[PDB]
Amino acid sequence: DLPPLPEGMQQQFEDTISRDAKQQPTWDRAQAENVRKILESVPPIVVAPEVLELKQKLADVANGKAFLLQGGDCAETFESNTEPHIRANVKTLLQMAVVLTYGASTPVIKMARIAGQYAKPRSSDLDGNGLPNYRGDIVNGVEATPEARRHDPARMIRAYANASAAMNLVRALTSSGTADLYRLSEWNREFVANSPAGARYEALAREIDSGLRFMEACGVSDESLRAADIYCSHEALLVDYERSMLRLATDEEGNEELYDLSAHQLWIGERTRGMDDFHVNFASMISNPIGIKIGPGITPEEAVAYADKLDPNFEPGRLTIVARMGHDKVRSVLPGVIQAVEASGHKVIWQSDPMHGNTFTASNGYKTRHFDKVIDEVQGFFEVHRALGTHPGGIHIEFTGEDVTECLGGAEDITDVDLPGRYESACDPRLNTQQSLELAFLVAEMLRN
C-alpha cells in the first residue's frame, strides 16, 4: 500500500472490501497481498478508451440497434492457453458473429470468455477423499493430488501473464486479417457442406453468400471489413486479482473514473450475487460495463433492486442481465423480470445464457448438456421478447473451436458413448465447433421471424 483513491470513492472502496466475498480461496494473506501489490503496477489487459468505446456499443445493444455475442471456454487453463486453441475460439466466435449479423440485420458486438476466465466457482468446498477440488488455474492445479490442489497466490501472477499473452494474440489475430469476413464465409460454407444436417441450413448459407457477393458488386472497399473488434470478459470473482487490476483514467472531456482493467466487461455470478456482498458493490463502483447472472429463483422485485444498484444513473447498456433459467423455466420466470425492470426505467441488455441452467449428470457419469435443450432456452428467450415487445440483446454460450465431444445432440448425433472419445474441459461441457456454428444459424433464424 501507498496510493489512496479520491475522497468520493475511498469511503465506498473500504466499504466494499469489508463485505463478505463468497467462493474465495483459502491461502496466505501476507503473500497474496504481495502478489496484489505487484499486479498494481503492471500493464493492464485493456485501456479505458476501449472500455468507453464498448459502453457506447453496448448502449446500441440496449436501445435495439445491435446484438451481443458473448462466449468462449468455460474455464481457460494455462495448458490450453495456446496459439492454435485461441485461434480456433476466435475463428468460431467470428464465424458465428457474421451469421448472427445477417439474421439480426444489425451489428454483432463480439465479447469473449478469454484473457482472465480462470476462476471457477462451480464446486463443493471439499471433494471426495477429503481433498480440496480444482477452483481454476488462478487458484490451484488440475492435478488430483494435495500438492497441486494447494491454494497458491502466485497463480494470480501466472494468470495475469497468460491473460496478457491471450489478449495480445486476439488483438494480433484480428488486425492481421483472420477476421476478414470473405474468408470467414468461405469457412462457413465448408461447415454447411460437411455437416450431416447441411441442406437444413443451406438456404440461409447461400443467402449470406449472396449478400457478400452483392457487397462486392456494389463496389465497397474492405475498410471496416478486413478487421473486427473482439472484446474480452471473465467473471470478476477473486477479490485480490480484481482489486489489483483497478486503475484510474482521466476521460477526454475532463472527469476521472475508476475501471477494473482486468477485462473490458466483467460479470457477477449466481453464487456471488448478494446485494450486500463484495462483488455487487465492487461492480457498482467500477465504470466497466457489467453483467449479472440470473437464475430461476430470481424475483422481479430483486432484479429491479440489482438494476438500481448496478445502474444508478440509468445509462443504457451499462448493466446486462443474463438469464440462465433452464429450457422449461425461462418462459415462466423471465416475463415478470423484463416487465418490472423495463417499467423501472432501465434499458439493460437482455442476454440469454442457455448453458449454466441446463447442466445434468448423464448415465455415463460425465457432466453434460443436451444441444436441443440449449437451443430451446434461446427459442423461449426470443418468444418472451417477441410477445412482450422488448429487444433480445444477446447470447452467452460456452464453446471451443476444437473437435471435442462434450455436449449431447447436434447434427453429428453425439450420444453418451461418444463422450469419453475426446473430453478436454476444465469444468463445464462446451459446444463442439459444429454445434457452435449450428447454434448461430438457428439463433439467426430466430432473429428473423
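Counting begins at 1, following the sequence as shown.
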property	result
Comparing 188-196 with 72-80, the one whose average Cα B-factor in the PDB entry is higher	188-196
Segment of higher mean CA temperature factor, 14-22 or 421-429	421-429
Per the PDB entry, maximal CA B factor within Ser233, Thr361, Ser287, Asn168	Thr361
Selection by C-alpha B-factor (highest) of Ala144, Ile138, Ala283, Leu246	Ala144
Third of the chain, ranked by Cα B-factor, where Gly297 sits	middle
Chain third (lowest, middle, highest) by recorded CA B-factor, residue given as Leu258	middle
Third assignment of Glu216 from its chain's C-alpha B-factors	middle
Chain-wide C-alpha B factor ranking for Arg386, given as lowest, middle or highest third	highest
B-factor third for the C-alpha atom of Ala179 within its chain	highest
